[PDB]
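Student: Before I ask anything, here is the structure I am working with.
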Amino acid sequence: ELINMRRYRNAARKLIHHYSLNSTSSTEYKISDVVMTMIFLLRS
Amino acid sequence: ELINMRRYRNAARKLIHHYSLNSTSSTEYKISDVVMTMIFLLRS
Amino acid sequence: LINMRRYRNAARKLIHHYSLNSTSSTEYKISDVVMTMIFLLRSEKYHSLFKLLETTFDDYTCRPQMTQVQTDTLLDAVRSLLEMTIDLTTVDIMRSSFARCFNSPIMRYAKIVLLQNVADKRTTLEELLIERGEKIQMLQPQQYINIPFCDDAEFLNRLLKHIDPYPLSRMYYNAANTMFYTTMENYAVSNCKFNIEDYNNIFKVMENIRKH
Amino acid sequence: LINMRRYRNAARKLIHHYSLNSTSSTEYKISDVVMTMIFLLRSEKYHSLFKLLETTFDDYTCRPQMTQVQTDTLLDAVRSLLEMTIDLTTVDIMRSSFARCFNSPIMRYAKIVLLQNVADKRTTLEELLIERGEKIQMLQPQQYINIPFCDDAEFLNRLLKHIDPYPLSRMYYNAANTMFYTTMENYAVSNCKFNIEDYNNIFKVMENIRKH
Amino acid sequence: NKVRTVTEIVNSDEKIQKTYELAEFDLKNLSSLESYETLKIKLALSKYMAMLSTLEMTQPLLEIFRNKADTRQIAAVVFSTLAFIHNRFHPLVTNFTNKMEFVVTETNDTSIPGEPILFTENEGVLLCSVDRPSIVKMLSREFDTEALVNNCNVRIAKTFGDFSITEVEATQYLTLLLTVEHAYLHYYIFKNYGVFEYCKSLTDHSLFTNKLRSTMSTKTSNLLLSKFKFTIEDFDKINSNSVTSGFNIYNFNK
Amino acid sequence: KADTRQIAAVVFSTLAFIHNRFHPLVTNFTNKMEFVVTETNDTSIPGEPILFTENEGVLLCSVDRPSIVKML
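See below:
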C-alpha cells in the first residue's frame with residue numbers, strides 16, 4: 112500500500128485541529144502537511 | 112425541510128426575550144434575526 | 113399558645129428592614145428574631161420561608177430546591193406579609212441578612228453591617247463601567263429632544283401651604299437613605315465592591331461646597 | 113462521589129508547576145494537593161503515578177521497580193495529563212517536588228524552595247567546566263562559517283503592529299523565568315550546586331550596567 | 007526653542023540672564039515615557055524577527071531547534087543572533103567574526119549547567135557550543151499567557171466615546213535573544229581580555245560590571261536584560277544558608 | 074414601561090430645572106439630546122442611575138428605570 116494510513120492520520124488532525132483551533136497558520140506547517148491531510152481524507 | 116426549526120427557535124427566543132425585557136434594538140440583533148424569529152413563529 | 117398578631121407584626125417589621133424595602137430605623141432585638149422565626153414556623157403558608165431562613169444556620173447548607181410554582185407561591189406569601200416590586204432578589208437579600216444575623220454572636224451593642232453575599239464574577243466599578251457601558255450604547259434611544271418655569275405666586279403659596287406641615291428633615295433622611303440603599307443593593311447584586319469611601323466623599327463634597 | 117473534572121484540572125495545574133513544565137505562578141494550597149492525589153488514586157490509568165507519588169511519604173521508601181513497558185506507559189499517562200519533551204527526568208523532578216511538598220509541615224505562608232535531590239557525583243561548577251569541557255572539544259564541529271540587517275520601514279511597521287498588543291512585561295517575565303528554570307534543572311540534574319549568588323549577581327550586573 | 011530666565015536683586019537694576027534650551031527637557035520627557043521604551047524594545051525585537059525572516063528563518067524557533075538532523079539552520083540562527091547583538095553593541099560592523107565553527111550538543115554528559123552557548127579556542131579558530139536540548143527545553147516550556155503583570163480610566167473614556201506571530205512565538209524570540217545576549221557578554225570578555233578572564237567570568241558573573249562599564253556603558257546602547265529589574269522570589273531566605281559576618285571594602289557590585 | 078416619552082420629559086425637565094438653579098439666565102437646557110431607558114441589570118450602573126455619554130453626534134442620557142422605581 113502506497114499510503115501509510117497511520118502517518119496520514121496525525122497530519123490531518125494536526126492541521127484539522129490546528130486550522131479548527133486557529134483560522135490562520137504560519138511557517139509551522141508545509142504544503143507536504145496539506146497534501147498529507149488531503150490524501151488521508153480521500154483514503155478514509 | 113427548508114426551516115431549521117431548532118436554530119429558528121433559538122433566534123426567536125433570543126429576540127422575543129430581548130424584547131420581553133426591554134423596548135429597544137440593542138444593535139447586535141440583525142434584520143435577519145427578525146426574519147428568523149418571524150419565520151419561527153409562523154412555522155410553530 | 114402564642115399571640116399570632118404580635119409575632120406577625122414583629123416579623124413584618126424585621127423582614128421589612130432585612131429586605132431593604134423600608135428605611136424605618138428601629139432598634140431590633142433578639143426577641144424580634146425569635147418572634148419572626150416562631151411566626152414563620154407556626155403559619156402554614158409561611159413554611160417555605162421558614163425552612164428557607166432556617167437553612168441559613170449552617171453556611172454549608174444552601175437554598176432548598178423549589179420549582180417555579182413554589183417560588184411564585186413564596187413570592188405571594190412575602191408580598192402578603194409585607195402588604196405592598201418584590202421578586203427573587205428580595206428573597207436573596209432576606210436570606211443573606213438572616214444568615215448574617217443568625218451566625219452573629221449575642222452581643223450588647225447593635226452590629227452595623229453592609230449588604231454582601233448576594234447574586238461568580240467578582241468585579242470592580244471600572245470594568246462594570248466599560249462593560250455595561252457599551253451594552254448601553256448598543257441600545258438605541260427612544261426619544262429625541264430638539269421650558270416653562272412659572273412663578274405663579276398664588277400657586278406656589280398653595281404648594282408651600284400643602285408642604286409646610288412636612289418635616290423637611292424627615293424627607294431628606296428618607297430620600298438620602300433610599301438612595302444609599304438602592305446604590306448598595308445595586309452594588310451587591312452586580313457583585314461589585316461598594317466603596318463607601320466614595321459615597322462618604324460625596325457628602326464631604328457637599329459639605330465643602332456649602333462653606334464657600 | 114467526586115467531580116472528576118475539577119480534580120483533574122487541579123492535578124494538571126499542580127503537576128505543571130511541580131514538573132517545571134510551566135512558568136504559571138498561581139498560589140497553590142493544600143486543597144490542590146488533596147485533589148491531585150485523590151484524582152491520581154481514582155483514575156485507573158494513573159495508578160502507577162499515584163503509587164509513585166505516595167511512596168514519597170517516607171523518605172526511606174524509594175521508587176517502585178517498573179519494567180520498561182511500565183515506564184513508557186506512565187510517560188504516556190503524564191503526557192496525556194499535560195496534553196503537551201516529557202521523559203524520565205521530568206518524573207524525577209515531580210517525585211522530588213511532591214516528596215518535599217508532602218514532608219513539609221502545614222504552614223500559613225507559602226514556602227519558597229529550589230530544585231534539589233534529583234539524578238552520586240556531587241560536583242561544583244568548575245570541575246564540570248573542565249570535565250564536560252573536553253567532552254565538548256572531543257566532538258568535531260558540524261558547520262563552518264567563513269549579513270543582511272534590513273530596515274524596511276513598512277515591514278518593521280507591520281511587525282510592530284503584530285507585536286504591539288503583547289504585554290512586553292509578560293514576555294520578559296516568561297523568558298527570564300524560563301531561563302532560570304532551565305538553569306536550575308540543569309544544575310540539579312548534573313548534581314552541581316546552584317549558586318544563586320551568581321545568578322542574582324547577573325541581574326545586579328544588568329542593573330549596574332544600565333545606570334551608567 | 008529656548009527659554010530665558012532673569013534674576014533681579016533689590017540693591018540695583020542689575021539683571022543676570024541665563025538661556026535654557028528646551029530640547030534637553032524634551033529628551034528627558036521622551037525618555038520618561040513608558041510607550042517610548044516599550045517601542046524601543048519592541049523595535050529591537052522586530053528588527054531581530056525581520057533579520058531572521060530575510061534569512062529564510064521563518065519557521066518557529068522551537069521547530070528549528072527540534073530538528074536534530076538539520077544542524078545548518080541551528081548554526082545559522084545562533085550566528086545571526088550573535089551578529090545582531092554585536093551590531094547592537096557596535097553599530098559599525100555588519101559582519102560578525104569572519105570565521106568560526108559550531109558544535110551542537112545533544113547529551114547531558116557534555117552539557118554546561120547554565121551556559122547553553124559557550125565559546126572556546128581550538129588553537130586555530132573560534133568554536134561555539136550549542137546545547138540543543140537545553141534550548142529546546144527553554145522554548146518548549148509552557149508560558150504564562152493569561153496572567154497580568156502590574161490605564162482603566164482611558165479605557166473607560168474610550169468605551170464611553198501578515199505573518200501570524202503569536203505571543204508564544206514572540207516570547208520564544210525574546211528568550212533566545214536574551215540567551216545569546218548572555219553568551220555574547222561572555223564572548224566579549226573572552227575576545228577582549230583573554231581565555232583566563234573568560235573562564236574566570238564563567239564561574240563569577242560579577243566581573244561583567246567592571247569589564248563592560250569601562251567601554252560599553254558610554255559607547256553602546258542599553259542591554260535587553262536591563263529593561264526590567266529581575267529578582268528571585270524570597271532571595272534572602274534561600275540565601276540564608278550562605279551568610280557572612282562581612283566587611284565589604286570593595287563592593288564593586290551593589 | 075410602555076410610555077417612555079413621559080419618563081424622558083420628566084428627566085429632561087428636572088435637568089433643566091437644576092441647570093436654571095445653577096445658572097439663572099438660561100431657561101432652555103441643551104437644545105438637543107437623546108434618551109435611552111434601561112430595564113435590565115445586565116446593562117445597569119451600580120450607583121449612577123442617570124448617566125451621560127457622547128455618541129460622536131449628540132448627547133445621550135441613560136435612565137435606569139428599575140433603579141428609580143425601587144427608589145421611589
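Residue numbers (UniProt numbering), protein chains in the order written: chain A, 112 to 155; chain F, 112 to 155; chain C, 113 to 196, 200 to 234, 238 to 264, 269 to 334; chain X, 113 to 196, 200 to 234, 238 to 264, 269 to 334; chain E, 7 to 156, 161 to 171, 198 to 290; chain R, 74 to 145.
Using N, Cα and C, we set each Cβ at its ideal position, and we do this for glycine too.
Taking the Cβ atom as the reference point for each residue, do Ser86/R and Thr111/R lie within a distance shorter than 8 Å?
Tutor: No, Cβ-Cβ distance for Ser86/R and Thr111/R is not below 8 Å.
Student: Run through the DSSP bridge pairs and tell me what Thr241/C is partnered with.
Tutor: Per DSSP, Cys314/C.
Student: Using only CA atoms, which one of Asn115/X, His159/X and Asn133/X lies nearest to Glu307/X?
Tutor: Comparing Cα-Cα distances from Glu307/X to each of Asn115/X, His159/X and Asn133/X, the minimum goes to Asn133/X.
Student: Rank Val142/E, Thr126/E and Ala81/E by C-alpha distance to the C-alpha of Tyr262/X and give the top, closest one.
Tutor: Looking at the Cα atoms, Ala81/E is the closest of the given residues.
Student: Which residue comes first and which comes last in the beta strand (DSSP E) that contains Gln261/X?
Tutor: Unbroken beta strand (DSSP E) run through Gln261/X: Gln261 to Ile263.
Student: When DSSP labels each residue in this structure, what does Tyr26/E get in the three-state scheme?
Tutor: If DSSP states are grouped into helix, strand and coil, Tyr26/E belongs with the strands.
Student: Rank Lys163/C, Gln182/C and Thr135/C by C-alpha distance to the C-alpha of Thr173/C and give the top, closest one.
Tutor: That would be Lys163/C, whose Cα lies nearest to the Cα of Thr173/C.
Student: Between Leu290/X and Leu49/E, which are expected to be in contact by the criterion C-beta below 8 Å, what is the C-beta distance as a whole number of angstroms?
Tutor: Between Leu49/E and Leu290/X the Cβ distance is about 11 Å, and since that is not below 8 Å, they are no contact.
Student: Run through chain E and tell me which residues come within less than 7 Å of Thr148/A, C-beta to C-beta.
Tutor: Within chain E, no residue comes near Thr148/A; the closest Cβ sits about 18 Å away, beyond 7 Å.
Student: Alpha carbons only, please: which of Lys74/E, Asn289/E, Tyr54/E and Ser41/E is nearest the one belonging to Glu319/X?
Tutor: Nearest C-alpha to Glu319/X: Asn289/E.
Student: Under 8 Å between beta-carbons, which chain A residues line up against residue 300/E? List them in chain order, please.
Tutor: This structure cannot settle anything about residue 300/E, because the visible part of chain E is limited to 7 through 290.
Student: Would you say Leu214/E and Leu248/E are within 8 Å of each other, going by their C-beta atoms?
Tutor: Not in contact: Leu214/E and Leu248/E (Cβ atoms no closer than 8 Å).
Student: Among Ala123/X, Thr300/X and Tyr309/X, which one has its Cα closest to the Cα of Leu194/X?
Tutor: Here the closest residue by C-alpha is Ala123/X.
Student: Does the beta-carbon distance from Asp171/X to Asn115/X come in below 8 Å?
Tutor: No, they are not a contact pair.
Student: Please state whether DSSP places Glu121/R in a helix, a strand or coil.
Tutor: Coil at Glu121/R, not helix or strand.
Student: What separation, rounded to the nearest whole angstrom, lies between the Cα atoms of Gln177/X and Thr167/X?
Tutor: Distance between the alpha carbons of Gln177/X and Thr167/X is about 12 Å.
Student: Please name the residue in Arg78/E, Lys263/E and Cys235/E whose C-alpha comes closest to that of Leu247/X.
Tutor: It is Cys235/E.
Student: If we count the other Cβ atoms within 10 Å of its Cβ and call it buried at 16 or more, is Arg210/C buried or exposed?
Tutor: When all chains shown are included, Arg210/C counts as buried.
Student: Short check: CB of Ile221/X to CB of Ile285/X, under 8 Å?
Tutor: Going by C-beta atoms, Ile221/X is not nearer than 8 Å to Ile285/X.
Student: Classify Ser143/A as helix, strand or coil using the three-state DSSP reduction.
Tutor: Note: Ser143/A maps to helix in three-state DSSP.
Student: In the structure shown, what three-state DSSP assignment does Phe108/R receive?
Tutor: Looking at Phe108/R - three-state DSSP - the assignment turns out to be strand.
Student: Just to make sure I have the definition right: I need the residues of chain E whose C-beta is within less than 7 Å of the C-beta of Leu247/C. Which are they?
Tutor: Per Cβ cutoff of 7 Å: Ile166.
Student: I'd like the span of the alpha helix (DSSP H) that includes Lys163/C, first residue to last.
Tutor: First-last of the alpha helix (DSSP H) with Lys163/C: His159 to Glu166.
Student: Measure how close the beta-carbons of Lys263/E and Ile47/E come, nearest whole angstrom, since I'm counting them as under 8 Å.
Tutor: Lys263/E to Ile47/E, Cβ: 5 Å. Contact.
Student: Report yes if the C-beta distance between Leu152/X and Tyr140/X is below 8 Å; otherwise report no.
Tutor: Not in contact: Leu152/X and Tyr140/X (Cβ atoms no closer than 8 Å).
Student: DSSP three-state label for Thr148/X, please.
Tutor: DSSP places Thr148/X in helix when its eight states are reduced to three.
Student: Chain X beta carbons: is any one of them nearer than 8 Å to that of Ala153/E?
Tutor: Taking Cβ atoms only, chain X reaches closer than 8 Å to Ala153/E, which makes this a yes.
Student: Measuring CB atoms only, is the stretch 117-128 of chain R touching the stretch 243-260 of chain C, in the sense that at least three cross pairs come out at less than 8 Å?
Tutor: Yes, they touch.
Student: Counting only the same chain and skipping the five closest in sequence on each side, list residues whose C-beta sits under 7 Å from that of residue 157/E.
Tutor: Because chain E is numbered 156 and then 161 with no intervening positions, residue 157/E cannot be located in this model.
Student: With 8 Å set as the bound, which would you pick, yes or no: does the beta-carbon of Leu281/X sit closer than that to a beta-carbon of chain B?
Tutor: Judged by its chain identifiers, the structure shown contains no chain B, and its protein chains are A, F, C, X, E and R.
Student: What three-state label does DSSP hand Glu252/C in the structure shown?
Tutor: Helix, per DSSP.
Student: Is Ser134/F close to chain R, meaning its C-beta is less than 8 Å from at least one C-beta of that chain?
Tutor: So yes, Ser134/F belongs to the interface.
Student: Count the C-beta pairs between the stretch 323-333 of chain X and the stretch 263-277 of chain E that are closer than 8 Å, then say yes if the count reaches three, no if not.
Tutor: The answer is yes - the stretch 263-277 of chain E touches the stretch 323-333 of chain X, with three or more Cβ pairs under 8 Å.
Student: Which first and last residues belong to the alpha helix (DSSP H) in which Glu217/E is found?
Tutor: Start and end: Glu203 to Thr239.
Student: CA-CA distance, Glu245/C and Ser160/X?
Tutor: Cα to Cα, the separation comes out at about 46 Å.
Student: Short check: CB of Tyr119/C to CB of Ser212/C, under 8 Å?
Tutor: No, Cβ-Cβ distance for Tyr119/C and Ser212/C is not below 8 Å.
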